[PDB]
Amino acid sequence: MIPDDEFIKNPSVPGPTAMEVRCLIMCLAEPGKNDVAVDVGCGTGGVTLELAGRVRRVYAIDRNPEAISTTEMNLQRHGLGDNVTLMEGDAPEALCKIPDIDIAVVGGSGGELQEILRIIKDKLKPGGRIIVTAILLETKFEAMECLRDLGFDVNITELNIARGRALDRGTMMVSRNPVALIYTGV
């Protein structure tokens, strides 16, 4: 899988999502070659890239134009993006112009989370999966609540990752900030 350092960063744009988290998002998403996915809040483009290479069509969204831009760039350095539709703007609105989806990953919920999830429910093909990435405590609560209220069986997994940094004296463990994944039954 593509490591975090082989991504082009932009200060105003957050990400890339830790590879270990991306790794898991894919396990949960169960990507299929005929699937249509939407990555709300694509940011650096980490999820989009991984999805890009495993599904039929990927619809990437972000309010931040810098994000849309960083994702396009990262799509290129890796040679992907033909099956990717980039959409700059407000998520709810962009979501209404998309076909139905088999997979929905919601990252930077930009505080319109509840609205985004309702819409996504309405377009979720039978057997579809939703995976919300949470950094803020509040998102972890809101996601769980919304999905539950939308009738899904909800689950949550928090990941605390530490990677070793080679120093001259030895190997010190460096932490990543905790990331939660709220996901619906398959």
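The first residue of the sequence shown is number 1, and the count goes up from there.
Between 73-81 and 107-115, it is 107-115 that carries the larger average Cα temperature factor according to the deposited entry. Mean CA B-factor, 40-48 versus 56-64: the higher value falls on 56-64. Ranked by C-alpha B-factor against the other modelled residues of its chain, residue 166 falls in the middle third. Among the modelled residues of its chain, residue 175 has a C-alpha B-factor that falls in the lowest third, as given in the PDB entry. Residue 124: CA B factor in the highest third of modelled residues in this chain (values from the PDB entry).
Residue-level temperature factors show residue 182 in the lowest third of its chain, judged at the C-alpha atom.
Sort the chain's modelled residues by C-alpha temperature factor and residue 35 lands in the highest third, per the entry.
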